[PDB]
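So here's one chain in two forms, each on its own in structure tokens, numbered structure 1 and structure 2.
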Structure 1
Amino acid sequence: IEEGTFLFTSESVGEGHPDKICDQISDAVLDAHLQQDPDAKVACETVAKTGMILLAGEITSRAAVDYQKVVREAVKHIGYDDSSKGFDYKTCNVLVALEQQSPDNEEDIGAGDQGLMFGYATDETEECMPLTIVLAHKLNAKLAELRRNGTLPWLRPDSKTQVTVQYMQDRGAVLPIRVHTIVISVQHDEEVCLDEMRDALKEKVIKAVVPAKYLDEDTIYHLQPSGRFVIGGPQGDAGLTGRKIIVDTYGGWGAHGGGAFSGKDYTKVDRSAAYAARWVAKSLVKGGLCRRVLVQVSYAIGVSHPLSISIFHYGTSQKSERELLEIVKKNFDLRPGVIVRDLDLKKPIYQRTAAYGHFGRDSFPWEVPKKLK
């Protein structure tokens, strides 16, 4: 019945979306530093516009990093290798305005600020993520796969997707019923016709990614909805690091306290503690303690242990929220310097996080649920 259902929408963007190009370059720079100096402090912003990658920010590191190589290899990997595509790693301007200095008990490091971090998890997918954002990410990944394997050789790197799912409530848990609307816009070459693109997007992309049970004759498809998308990448739109923070996290679900992730080393609590909060939420759901949960961790400036933790289970547990809090405190140490140790965050793992979401992928330590005792 209409009266018990609701719609929810999330979006994702491809590796060649100009904002995502900047996130990936910022984390490539972070990784390059961490490979040589595990204690590097990095706050690297990237700006991309026609013919230009500009790096700005502050670094304290012993590393000697070849920025030409880091930037150009990232752009090559993304797939911008010719003027005909709007951007070329071989010929773009790389401007380095980074200010790098040399440097002069980790468990007791105080929080740098008073602040709030959220973790979220939901049993609606195997990834413990909202279906809307999982499907949106996977659609972009599929486009990249078919571009790179030459199945759809007219594809270019810039893309955006958006998925609206129709849900019912099930005692605080959310149950996906059907995909209501899908949007896909993807950059393309000058030869391919609109109808062939739209057919490919439906048959080779959407039907390869979205389970058939969620698609029906009423599902609305907006495929290349503005018509041609030849001009794209940084030529079409300036990009900046930290401008896809909702794409990076929960797609509008749960909550967000405000910090961007990319270009920031693990001593930035707004990255590492966000990862740890996710780890807690996912562990609660995978442990069968709730179906859906929002974990809200507050820190007091200069204090290592969290000031307060609140667990909101949306009514999806037999346990009280106080009981869940006891379980969390028994099983997790959310001091910033201890999170870094437990999730091994000094490793150069960050470039992989910078497209397709920081959450919902099994290859990251914060996505391996902890067995709860």
Structure 2
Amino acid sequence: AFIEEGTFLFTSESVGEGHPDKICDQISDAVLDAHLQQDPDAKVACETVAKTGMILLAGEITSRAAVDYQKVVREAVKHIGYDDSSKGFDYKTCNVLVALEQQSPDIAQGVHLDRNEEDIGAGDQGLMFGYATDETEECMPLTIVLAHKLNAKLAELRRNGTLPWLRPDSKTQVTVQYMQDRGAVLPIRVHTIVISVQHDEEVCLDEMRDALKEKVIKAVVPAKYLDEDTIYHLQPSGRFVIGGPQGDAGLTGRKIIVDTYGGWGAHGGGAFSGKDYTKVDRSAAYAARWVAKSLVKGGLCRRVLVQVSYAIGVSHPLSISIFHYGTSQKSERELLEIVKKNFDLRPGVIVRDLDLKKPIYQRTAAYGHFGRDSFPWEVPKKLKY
């Protein structure tokens, strides 16, 4: 397809609830939630690893909670849908191994011991970005929104029994052509869609490809974006019976771009799942999203990127910067002043503003952390200036 000057292509991907990396993210956040339900101040850094027959928890937790890891892990796998050896993985019969220790006392003393909550230090150094774009109501890139919705539709049709050959492991990828608009972007058309999904031994390739087009793509992607030139790669490997952890090892924090903006904006490298609010990889990224979305919904920008960074043990961010892509009449200095007057990005203040001791994290761990369900970081702050 021809690319008119002033237009361009961009691609993002998403994965389903049973993708092995996403299994790990969901388990790590189920463990976090289980701790927070009993101890709102639990210090949690839980990594999960998945391979054939195995969930391993590894990391550091200091908490007053009494958590039954066997039950928490197995219930999370059950929810995903891995409930029989015929599907490659079974919550009832898999191995759950635990290698969890207390948080390092050296970290604890440098971050939170004997500190006023508002003045707790960042739990690590790092950099984080927030992004928002007015191209969708939820202020997310269309590429990633569509990719997530394709995976959600697969899970829906698996769970409602209308495509009973589906299994839980899936991946999708969407390329959209955009029009430049004074620094903002406007979606024009869908250029290419990829869908791969684990399936039973009985269904044939043609039946699957027809269903993926008619029952999945057409039920998700508006027809105005699809044309005779759109390219479809549906079950492009030809066979995907082996899947889940049996097909590919999973680890927590290996889908960080799926979790955020689908490649748009920028990313500082930190993973979200399995971490309590003192880990700024999560809390500061959520707050940076909240700032970005507040700037767009407040009418100050159409598209905006925010970078923050921290040093371990230091509460205030080391610096904050705002880039508006040419979509604000205010200068970068002016936007920064507005942000500094309206937000306090210490982790011990973010926790209060975004209610980050609440056990809602398992809900964040599939289909992206941003752009859905009116989580606190998705509710814009009314800005004073």
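Think of the rigid core as the biggest set of C-alphas that the two forms share within 1.5 Å after superposition. Residue indices: 1-based, along structure 1.
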Task: Residue among 346, 41, 49, 305 whose Cα moves 2 Å or more between structure 1 and structure 2, once the rigid core is superposed - done: 305
TODO: Superpose on the rigid core, then tell me if the C-alpha of residue 115 is displaced by 2 angstroms or more between structure 1 and structure 2.
DONE: yes
Task: Shift in Å of the C-alpha at residue 356 between structure 1 and structure 2 after core superposition - done: 0.3
TODO: Can you read me the CA shift for residue 319 between structure 1 and structure 2, rigid core superposed, in Å?
DONE: 2.2
Task: Cα displacement of residue 126 between structure 1 and structure 2, core-superposed (Å) - done: 1.2
